[PDB]
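File shown: target_35.txt. Contents: compact mmCIF, C-alpha atoms.
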# COMPACT_ATOMS: atom_id res chain seq x y z
CA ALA A 1 21.97 -39.19 28.07
CA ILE A 2 20.55 -38.00 24.73
CA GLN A 3 19.83 -39.90 21.50
CA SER A 4 18.40 -39.39 18.01
CA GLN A 5 19.20 -35.67 17.96
CA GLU A 6 17.25 -34.71 14.82
CA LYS A 7 17.06 -31.17 13.45
CA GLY A 8 13.66 -31.52 11.81
CA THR A 9 13.80 -28.73 9.24
CA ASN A 10 10.47 -27.42 7.97
CA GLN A 11 10.00 -25.03 5.06
CA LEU A 12 6.75 -23.10 5.13
CA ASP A 13 4.99 -20.14 3.57
CA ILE A 14 5.76 -18.29 6.82
CA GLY A 15 9.46 -19.20 6.55
CA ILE A 16 11.67 -21.97 7.85
CA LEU A 17 11.23 -23.55 11.27
CA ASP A 18 12.92 -26.31 13.30
CA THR A 19 10.70 -28.97 14.91
CA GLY A 20 13.47 -31.48 15.66
CA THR A 21 13.11 -34.06 18.41
CA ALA A 22 15.40 -36.16 20.62
CA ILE A 23 15.11 -38.92 23.23
CA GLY A 24 16.61 -38.35 26.68
CA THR A 25 17.31 -40.73 29.58
CA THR A 26 17.49 -39.00 32.97
CA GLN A 27 19.56 -39.68 36.05
CA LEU A 28 18.11 -41.70 38.93
CA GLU A 29 15.56 -40.28 41.37
CA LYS A 30 14.40 -37.32 39.27
CA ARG A 31 10.86 -36.13 38.49
CA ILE A 32 11.11 -34.16 35.27
CA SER A 33 8.03 -32.06 34.54
CA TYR A 34 6.32 -30.92 31.37
CA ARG A 35 8.05 -28.09 29.46
CA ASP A 36 11.11 -28.26 31.70
CA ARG A 37 14.05 -26.85 29.76
CA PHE A 38 17.56 -28.19 29.12
CA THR A 39 20.63 -26.55 27.61
CA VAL A 40 23.83 -28.29 26.54
CA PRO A 41 26.68 -25.74 26.85
CA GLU A 42 29.26 -27.99 25.15
CA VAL A 43 27.31 -28.37 21.89
CA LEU A 44 27.06 -25.52 19.36
CA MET A 45 24.63 -25.56 16.39
CA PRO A 46 25.06 -23.55 13.14
CA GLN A 47 22.32 -21.15 12.05
CA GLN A 48 21.92 -18.48 9.36
CA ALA B 1 -2.28 0.24 -16.29
CA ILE B 2 -1.30 -3.23 -15.23
CA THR B 3 -1.36 -3.29 -11.44
CA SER B 4 -0.02 -5.41 -8.59
CA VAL B 5 -2.29 -5.23 -5.55
CA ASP B 6 0.17 -7.13 -3.35
CA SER B 7 3.05 -4.71 -3.92
CA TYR B 8 0.71 -1.76 -3.46
CA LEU B 9 -0.42 -3.13 -0.10
CA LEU B 10 3.14 -3.80 1.04
CA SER B 11 4.28 -0.32 0.02
CA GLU B 12 1.29 1.34 1.65
CA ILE B 13 1.11 -0.68 4.88
CA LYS B 14 4.78 -0.48 5.87
CA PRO B 15 5.07 3.32 6.31
CA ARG B 16 1.62 3.64 7.86
CA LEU B 17 2.39 0.86 10.35
CA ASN B 18 5.66 2.54 11.29
CA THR B 19 4.04 5.95 11.75
CA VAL B 20 1.28 4.57 13.98
CA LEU B 21 3.70 2.54 16.09
CA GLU B 22 5.96 5.56 16.70
CA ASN B 23 2.92 7.51 18.06
CA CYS B 24 1.69 6.28 21.44
CA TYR B 25 -1.64 8.09 21.75
CA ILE B 26 -2.83 6.64 18.43
CA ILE B 27 -2.41 3.10 19.76
CA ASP B 28 -3.94 4.22 23.05
CA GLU B 29 -7.01 5.28 21.07
CA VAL B 30 -7.15 2.22 18.78
CA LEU B 31 -6.96 -0.24 21.69
CA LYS B 32 -9.39 1.60 23.98
CA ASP B 33 -11.82 -1.35 23.88
CA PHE B 34 -9.30 -4.04 24.89
CA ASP B 35 -8.56 -5.20 28.42
CA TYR B 36 -6.35 -2.74 30.29
CA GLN B 37 -3.45 -5.16 30.72
CA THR B 38 -3.50 -6.26 27.08
CA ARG B 39 -3.43 -2.61 26.02
CA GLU B 40 -0.63 -1.59 28.35
CA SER B 41 1.50 -4.64 27.55
CA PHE B 42 1.20 -4.06 23.80
CA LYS B 43 1.98 -0.36 24.20
CA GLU B 44 4.99 -1.14 26.39
CA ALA B 45 6.40 -3.78 24.06
CA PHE B 46 5.87 -2.57 20.50
CA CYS B 47 4.97 1.11 20.72
CA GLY B 48 6.84 4.38 20.99
CA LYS B 49 10.33 5.27 19.82
CA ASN B 50 11.97 3.23 22.61
CA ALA B 51 10.10 0.04 21.67
CA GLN B 52 12.47 -2.91 21.98
CA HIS B 53 10.34 -5.28 19.90
CA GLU B 54 9.29 -4.54 16.33
CA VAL B 55 6.63 -5.56 13.83
CA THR B 56 7.50 -6.63 10.29
CA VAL B 57 5.75 -6.96 6.92
CA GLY B 58 6.55 -9.14 3.92
CA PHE B 59 5.28 -11.58 1.33
CA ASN B 60 4.77 -15.28 1.97
CA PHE B 61 7.32 -17.99 1.06
CA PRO B 62 10.57 -16.37 2.21
CA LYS B 63 13.58 -18.64 2.51
CA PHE B 64 14.61 -17.25 5.94
CA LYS B 65 13.07 -17.24 9.40
CA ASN B 66 10.72 -14.37 10.25
CA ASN B 67 9.93 -12.38 13.40
CA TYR B 68 7.18 -14.72 14.57
CA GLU B 69 6.56 -12.47 17.58
CA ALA B 70 4.63 -10.10 15.30
CA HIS B 71 4.61 -10.28 11.50
CA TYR B 72 2.08 -9.26 8.84
CA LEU B 73 2.19 -11.88 6.08
CA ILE B 74 0.84 -10.61 2.73
CA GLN B 75 -0.52 -13.29 0.42
CA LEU B 76 -1.80 -12.61 -3.12
CA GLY B 77 -5.19 -14.22 -3.76
CA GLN B 78 -7.80 -14.89 -6.46
CA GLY B 79 -9.53 -12.52 -8.83
CA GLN B 80 -11.89 -12.35 -11.78
CA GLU B 81 -12.88 -9.86 -14.45
CA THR B 82 -16.28 -8.38 -13.63
CA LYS B 83 -17.31 -5.54 -15.99
CA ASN B 84 -16.36 -4.84 -19.61
CA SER B 85 -16.78 -1.78 -21.81
CA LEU B 86 -18.17 -1.78 -25.33
CA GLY B 87 -15.22 -2.28 -27.65
CA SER B 88 -13.16 -2.68 -24.46
CA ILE B 89 -12.67 1.12 -24.64
CA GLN B 90 -12.00 2.12 -21.04
CA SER B 91 -11.27 5.71 -22.11
CA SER B 92 -9.61 7.83 -24.78
CA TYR B 93 -7.05 10.61 -24.59
CA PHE B 94 -5.47 13.27 -26.77
CA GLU B 95 -2.32 13.43 -24.61
CA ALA B 96 -0.66 10.48 -22.89
CA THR B 97 -1.18 11.07 -19.16
CA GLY B 98 0.79 9.45 -16.35
CA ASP B 99 0.05 8.92 -12.67
CA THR B 100 -1.81 11.37 -10.46
CA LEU B 101 0.40 13.31 -8.08
CA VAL B 102 0.03 15.75 -5.20
CA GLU B 103 2.91 18.12 -4.45
CA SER B 104 3.44 21.02 -2.08
CA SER B 105 4.57 24.26 -3.71
CA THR B 106 4.86 27.99 -3.05
CA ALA B 107 3.98 30.94 -5.26
CA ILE B 108 6.73 33.27 -6.45
CA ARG B 109 6.63 36.54 -8.35
CA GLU B 110 8.04 36.44 -11.87
CA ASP B 111 7.61 39.30 -14.38
CA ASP B 112 4.39 40.43 -12.68
CA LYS B 113 2.95 36.94 -12.74
CA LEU B 114 2.65 34.59 -9.83
CA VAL B 115 3.91 31.10 -10.67
CA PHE B 116 3.93 27.70 -8.98
CA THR B 117 6.70 25.31 -10.04
CA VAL B 118 6.07 21.57 -10.12
CA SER B 119 8.63 18.79 -10.29
CA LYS B 120 7.28 17.27 -13.53
CA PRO B 121 5.51 18.40 -16.71
CA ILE B 122 1.84 18.97 -15.95
CA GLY B 123 -0.30 16.77 -18.19
CA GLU B 124 -3.47 17.97 -16.50
CA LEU B 125 -4.12 20.22 -13.52
CA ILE B 126 -6.94 18.94 -11.33
CA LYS B 127 -6.84 21.39 -8.42
CA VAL B 128 -4.77 24.18 -6.97
CA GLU B 129 -5.57 23.84 -3.28
CA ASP B 130 -7.85 26.51 -1.78
CA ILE B 131 -7.91 28.64 -4.98
CA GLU B 132 -10.63 29.15 -7.57
CA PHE B 133 -9.45 31.49 -10.33
CA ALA B 134 -11.60 33.99 -12.21
CA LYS B 135 -11.17 34.63 -15.92
CA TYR B 136 -9.53 37.94 -14.99
CA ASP B 137 -6.79 35.96 -13.25
CA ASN B 138 -5.61 34.61 -16.64
CA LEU B 139 -4.78 31.13 -15.38
CA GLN B 140 -2.31 29.40 -17.68
CA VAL B 141 -0.25 26.21 -17.47
CA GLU B 142 2.98 25.76 -19.42
CA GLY B 143 5.43 22.88 -19.22
CA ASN B 144 5.99 22.11 -15.54
CA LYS B 145 4.83 25.54 -14.33
CA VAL B 146 1.47 27.03 -13.37
CA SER B 147 1.21 30.79 -13.86
CA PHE B 148 -1.15 33.27 -12.34
CA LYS B 149 -1.60 37.02 -12.76
CA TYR B 150 0.13 39.21 -10.16
CA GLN B 151 -1.73 42.51 -10.43
CA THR B 152 -4.61 42.01 -7.96
CA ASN B 153 -2.93 39.20 -5.99
CA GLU B 154 0.16 40.89 -4.54
CA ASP B 155 -0.82 39.90 -0.99
CA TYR B 156 -0.36 36.24 -2.01
CA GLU B 157 3.20 36.71 -3.32
CA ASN B 158 4.45 33.86 -1.08
CA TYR B 159 1.21 31.85 -0.74
CA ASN B 160 1.72 28.16 0.02
CA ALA B 161 -0.43 25.60 -1.81
CA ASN B 162 -0.77 21.94 -2.71
CA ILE B 163 -1.06 21.14 -6.42
CA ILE B 164 -2.99 18.05 -7.50
CA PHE B 165 -2.07 17.19 -11.08
CA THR B 166 -0.99 14.34 -13.34
CA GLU B 167 2.09 13.73 -15.46
CA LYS B 168 2.19 13.66 -19.22
CA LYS B 169 4.23 11.04 -21.02
CA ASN B 170 4.00 12.41 -24.55
CA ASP B 171 1.78 14.20 -27.08
CA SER B 172 0.02 11.27 -28.74
CA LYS B 173 -3.49 10.01 -29.44
CA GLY B 174 -4.79 6.63 -28.43
CA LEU B 175 -7.39 4.41 -26.81
CA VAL B 176 -7.15 3.03 -23.27
CA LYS B 177 -8.19 -0.60 -23.85
CA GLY B 178 -8.87 -2.94 -20.95
CA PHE B 179 -11.38 -4.17 -18.40
CA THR B 180 -12.20 -4.21 -14.68
CA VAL B 181 -10.98 -6.95 -12.34
CA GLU B 182 -12.09 -7.83 -8.82
CA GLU B 183 -9.13 -9.23 -6.90
CA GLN B 184 -8.37 -10.54 -3.40
CA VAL B 185 -5.32 -10.32 -1.15
CA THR B 186 -5.07 -12.04 2.24
CA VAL B 187 -3.20 -10.53 5.20
CA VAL B 188 -2.56 -12.31 8.52
CA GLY B 189 -0.89 -11.02 11.68
CA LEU B 190 1.23 -13.89 12.99
CA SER B 191 2.17 -14.02 16.66
CA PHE B 192 2.95 -16.77 19.15
CA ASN B 193 1.05 -14.61 21.68
CA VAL B 194 -2.71 -14.65 21.09
CA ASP B 195 -3.21 -11.20 22.60
CA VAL B 196 -0.64 -9.84 20.17
CA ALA B 197 -2.53 -11.42 17.28
CA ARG B 198 -5.73 -9.72 18.45
CA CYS B 199 -4.00 -6.35 18.75
CA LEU B 200 -2.37 -6.71 15.33
CA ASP B 201 -5.83 -7.39 13.93
CA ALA B 202 -7.18 -4.18 15.46
CA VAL B 203 -4.22 -2.15 14.17
CA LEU B 204 -4.59 -3.58 10.67
CA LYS B 205 -8.30 -2.73 10.52
CA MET B 206 -7.50 0.83 11.59
CA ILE B 207 -4.79 1.08 8.92
CA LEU B 208 -7.13 -0.13 6.17
CA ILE B 209 -9.85 2.34 7.18
CA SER B 210 -7.26 5.11 7.03
CA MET B 211 -6.09 3.78 3.65
CA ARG B 212 -9.53 4.15 2.07
CA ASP B 213 -8.98 7.92 1.72
CA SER B 214 -5.62 7.68 -0.07
CA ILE B 215 -5.32 8.88 -3.67
CA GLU B 216 -3.94 5.50 -4.71
CA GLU B 217 -7.15 3.61 -3.93
CA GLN B 218 -9.41 6.54 -4.71
CA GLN B 219 -8.22 6.60 -8.32
CA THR B 220 -7.54 2.83 -8.62
CA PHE B 221 -8.25 -0.17 -6.32
CA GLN B 222 -11.74 1.09 -5.58
CA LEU B 223 -14.47 -0.53 -3.43
CA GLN B 224 -12.26 -2.04 -0.73
CA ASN B 225 -14.21 -4.88 0.91
CA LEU B 226 -13.03 -6.71 4.05
CA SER B 227 -13.64 -10.25 5.31
CA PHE B 228 -12.25 -11.84 8.49
CA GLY B 229 -11.33 -15.42 9.37
CA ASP B 230 -11.27 -17.29 12.67
CA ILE B 231 -8.30 -17.08 15.00
CA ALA B 232 -6.47 -20.39 14.75
CA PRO B 233 -3.01 -21.97 15.14
CA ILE B 234 -1.12 -21.50 11.88
CA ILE B 235 1.61 -23.89 13.05
CA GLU B 236 0.99 -26.37 15.81
CA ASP B 237 4.07 -28.58 16.35
CA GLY B 238 6.89 -26.29 17.41
CA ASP B 239 7.86 -25.75 21.00
CA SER B 240 4.86 -23.38 20.85
CA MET B 241 1.94 -22.71 18.54
CA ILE B 242 1.84 -19.71 16.19
CA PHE B 243 -1.55 -17.99 15.94
CA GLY B 244 -3.13 -15.65 13.44
CA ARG B 245 -6.43 -14.23 12.27
CA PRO B 246 -6.68 -13.86 8.47
CA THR B 247 -8.31 -10.91 6.78
CA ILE B 248 -9.18 -10.82 3.07
CA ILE B 249 -9.03 -7.45 1.30
CA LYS B 250 -10.93 -7.34 -2.00
CA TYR B 251 -10.47 -4.55 -4.55
CA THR B 252 -12.05 -3.56 -7.86
CA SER B 253 -9.55 -2.13 -10.34
CA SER B 254 -8.87 -1.54 -14.04
CA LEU B 255 -6.38 -3.50 -16.15
CA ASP B 256 -5.64 -1.63 -19.37
CA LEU B 257 -3.10 -0.66 -22.04
CA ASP B 258 -2.40 2.52 -23.99
CA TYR B 259 -3.13 1.61 -27.62
CA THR B 260 -1.62 4.60 -29.41
CA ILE B 261 -3.06 5.67 -32.77
CA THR B 262 -0.52 6.91 -35.31
CA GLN B 263 -3.16 7.83 -37.90
CA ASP B 264 -3.93 11.54 -37.99
CA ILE B 265 -5.88 13.55 -40.56
CA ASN B 266 -5.30 17.29 -40.84
CA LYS B 267 -6.99 18.34 -44.09
CA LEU B 268 -9.93 17.24 -46.13
CA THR B 269 -9.76 18.21 -49.79
CA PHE B 270 -12.57 18.27 -52.34
CA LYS B 271 -12.56 17.68 -56.08
CA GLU B 272 -15.28 17.54 -58.73
CA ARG B 273 -14.85 15.07 -61.59
CA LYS B 274 -17.21 15.06 -64.55
CA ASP B 275 -19.08 12.02 -65.89
CA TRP B 276 -19.70 12.36 -69.63
CA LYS B 277 -21.29 8.85 -69.63

Exercise: express the given structure as structure tokens:
Amino acid sequence: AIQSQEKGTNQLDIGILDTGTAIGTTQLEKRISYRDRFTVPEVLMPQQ
Amino acid sequence: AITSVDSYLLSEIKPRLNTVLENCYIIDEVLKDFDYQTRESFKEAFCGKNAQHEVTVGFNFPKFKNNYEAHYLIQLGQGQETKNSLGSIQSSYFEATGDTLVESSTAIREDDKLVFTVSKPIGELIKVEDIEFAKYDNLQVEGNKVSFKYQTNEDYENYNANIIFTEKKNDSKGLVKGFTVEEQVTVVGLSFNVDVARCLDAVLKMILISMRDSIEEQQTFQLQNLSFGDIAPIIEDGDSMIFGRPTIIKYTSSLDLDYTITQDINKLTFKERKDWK
């Protein structure tokens, strides 16, 4: 379960970057570890 | 002239960077002091014609995302005027002269002269490569052609040379008015891999050393001086940090204008007038 799915646009001398952040609640009995990675195949984001 | 150090650096760095990266043994020589694995990984990734990654160059503040794997960001800096001439007269000319040029050319026979043809009208000839003419050779320049006596030189009827010369704009008198400026540009090699940042630093220093011999910064942009910053995270709050090591390139150059003089005097005349008091 995922909440607060913010894009977090930044505009910099190097160019644009996304630093967005979200809050996730796991399933029971899981030990998520630092820099573990998630993808959400149902959800598509627009980019240019 | 008026000059733009940033656009000069962009125009000069991009082709040189490409021509080094397409040539494996050059990188193998530049990176000889690095750790073996750093060297081989860089050469595998970015170097040679088959390289799947690529480096990029551009000015700061673009509106789009860049290739943060390896990107040279060019960033126009400070400057100040340093030395002035009396009357601000940087020079004077009898014939409005353009940029300096070097062009390859070949001799041809024409009417028992040898001639070299050049793409533009020759305002001044500085050097015909590997030739010093005697008075007997009857060296003459006319329009966009250099001409050279055939009689004793028949062996050279197809000789290949480089001509160093400069354009003419027009036949006019004037004063070059201006001053010298000392100006800074910063360049930083961005990468999210620190070993790539260190290799991009090495490659950039090599490129600038090679650049010191170019006609552009021999005639203008003189006294290249380099300073180097710490390696640091440029951006720190992505999914990963982006690192870079700044370098500052400082140049001394002339800012000036062609003040043309329309006044010309072609005859004095004398008269005596009598004072009867």

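Within 6 Å of chain A, and using all atoms listed in the file, the residues found on chain B are residues 60, 61, 62, 63, 64, 65 and 238 of chain B.
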
In Å, with one decimal, what is the gap from CA of residue 67 (chain B) to CA of residue 23 (chain A)?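 Here the two named atoms are 28.8 Å from each other.
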
Provide the CA of residue 29 (chain A) to CA of residue 6 (chain A) distance in Å, to one decimal place.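 Separation between CA of residue 29 (chain A) and CA of residue 6 (chain A): 27.2 Å.
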
Neighbour list for residue 142 (chain B) as an MDAnalysis selection string, cut-off 10 Å, all atoms listed in the file, skip fewer than 2 positions in-chain: chainID B and resid 121:123 140 144:147

When you look at region 251-258 of chain B with a cut-off of 6 Å (counting all atoms listed in the file), what residues show up, excluding the ones that are within fewer than 2 positions of it in the same chain? I need them as a tab-separated table (two decimals) with C-alpha atoms, keeping the file's coordinate frame.
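Result file around.tsv:
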chain	number	residue	atom	x	y	z
B	1	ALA	CA	-2.28	0.24	-16.29
B	2	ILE	CA	-1.30	-3.23	-15.23
B	176	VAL	CA	-7.15	3.03	-23.27
B	177	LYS	CA	-8.19	-0.60	-23.85
B	178	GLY	CA	-8.87	-2.94	-20.95
B	179	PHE	CA	-11.38	-4.17	-18.40
B	180	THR	CA	-12.20	-4.21	-14.68
B	181	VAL	CA	-10.98	-6.95	-12.34
B	182	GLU	CA	-12.09	-7.83	-8.82
B	183	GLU	CA	-9.13	-9.23	-6.90
B	220	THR	CA	-7.54	2.83	-8.62
B	221	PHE	CA	-8.25	-0.17	-6.32
B	222	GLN	CA	-11.74	1.09	-5.58
B	223	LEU	CA	-14.47	-0.53	-3.43
B	224	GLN	CA	-12.26	-2.04	-0.73
B	260	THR	CA	-1.62	4.60	-29.41

If I take CA of residue 57 (chain B) and CA of residue 235 (chain B), how far is one from the other in Å, to one decimal?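 If I compute the distance from CA of residue 57 (chain B) to CA of residue 235 (chain B), I get 18.5 Å.
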
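Compared by their closest atoms to residue 195 (chain B), and using all atoms listed in the file, the residues B:26, B:17, B:31, B:139 rank with B:31 nearest.
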
Which residue, B:76, B:97, B:239, B:274, has the smallest gap to residue 21 (chain A) when you use all atoms listed in the file? B:239

Polymer residues at most 12 Å from residue 50 (chain B), only C-alpha atoms, same-chain spacing of 4 or more positions, as a PyMOL selection string: chain B and resi 21-24+43-46+54

Under the rule that only C-alpha atoms are counted, which of A:7, A:22, A:2, A:34 is the nearest residue to residue 46 (chain A)?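 The closest residue to residue 46 (chain A) is A:7.
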
Region 18-25 of chain A: axis-aligned bounding box, 4 Å on each side, centre and edge lengths in Å, one decimal, as lines of an AutoDock Vina configuration file:
center_x = 14.0
center_y = -33.5
center_z = 21.4
size_x = 14.6
size_y = 22.4
size_z = 24.3

Of the candidates B:265, B:206, B:249, B:101, which one gets nearest to residue 173 (chain B) if we count only C-alpha atoms? B:265

Can you tell me which residues surround residue 104 (chain B) at a distance of at most 12 Å, considering all atoms listed in the file, apart from same-chain residues fewer than 5 positions away, and format the answer as a ChimeraX atom specification? /B:116-119,128-129,159-165

Any chance you can output those residues with C-alpha atoms as a PDB file, in the frame of the given file?
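File selection.pdb, as written:
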ATOM      1  CA  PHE B 116       3.930  27.700  -8.980  1.00  0.00           C
ATOM      2  CA  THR B 117       6.700  25.310 -10.040  1.00  0.00           C
ATOM      3  CA  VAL B 118       6.070  21.570 -10.120  1.00  0.00           C
ATOM      4  CA  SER B 119       8.630  18.790 -10.290  1.00  0.00           C
ATOM      5  CA  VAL B 128      -4.770  24.180  -6.970  1.00  0.00           C
ATOM      6  CA  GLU B 129      -5.570  23.840  -3.280  1.00  0.00           C
ATOM      7  CA  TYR B 159       1.210  31.850  -0.740  1.00  0.00           C
ATOM      8  CA  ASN B 160       1.720  28.160   0.020  1.00  0.00           C
ATOM      9  CA  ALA B 161      -0.430  25.600  -1.810  1.00  0.00           C
ATOM     10  CA  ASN B 162      -0.770  21.940  -2.710  1.00  0.00           C
ATOM     11  CA  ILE B 163      -1.060  21.140  -6.420  1.00  0.00           C
ATOM     12  CA  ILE B 164      -2.990  18.050  -7.500  1.00  0.00           C
ATOM     13  CA  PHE B 165      -2.070  17.190 -11.080  1.00  0.00           C
TER      14      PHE B 165
END

Among listed residues B:219, B:191, B:269, B:152, nearest residue 69 (chain B) (using only C-alpha atoms):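 Looking at the shortest contact to residue 69 (chain B), the residue is B:191.
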
Selection near residue 190 (chain B), 8 Å with all atoms listed in the file, sequence-local residues under 5 positions removed, as a JSON list (two decimals) with C-alpha atoms, in the frame of the given file:
[["chain", "number", "residue", "atom", "x", "y", "z"],
["B", 68, "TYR", "CA", 7.18, -14.72, 14.57],
["B", 69, "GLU", "CA", 6.56, -12.47, 17.58],
["B", 70, "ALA", "CA", 4.63, -10.10, 15.30],
["B", 71, "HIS", "CA", 4.61, -10.28, 11.50],
["B", 72, "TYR", "CA", 2.08, -9.26, 8.84],
["B", 73, "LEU", "CA", 2.19, -11.88, 6.08],
["B", 197, "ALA", "CA", -2.53, -11.42, 17.28],
["B", 242, "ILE", "CA", 1.84, -19.71, 16.19],
["B", 243, "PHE", "CA", -1.55, -17.99, 15.94],
["B", 244, "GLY", "CA", -3.13, -15.65, 13.44],
["B", 245, "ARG", "CA", -6.43, -14.23, 12.27]]

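Distance annotation: of B:202, B:96, B:114, B:241, the residue with the minimal separation from residue 169 (chain B) is B:96; atom set is all atoms listed in the file.
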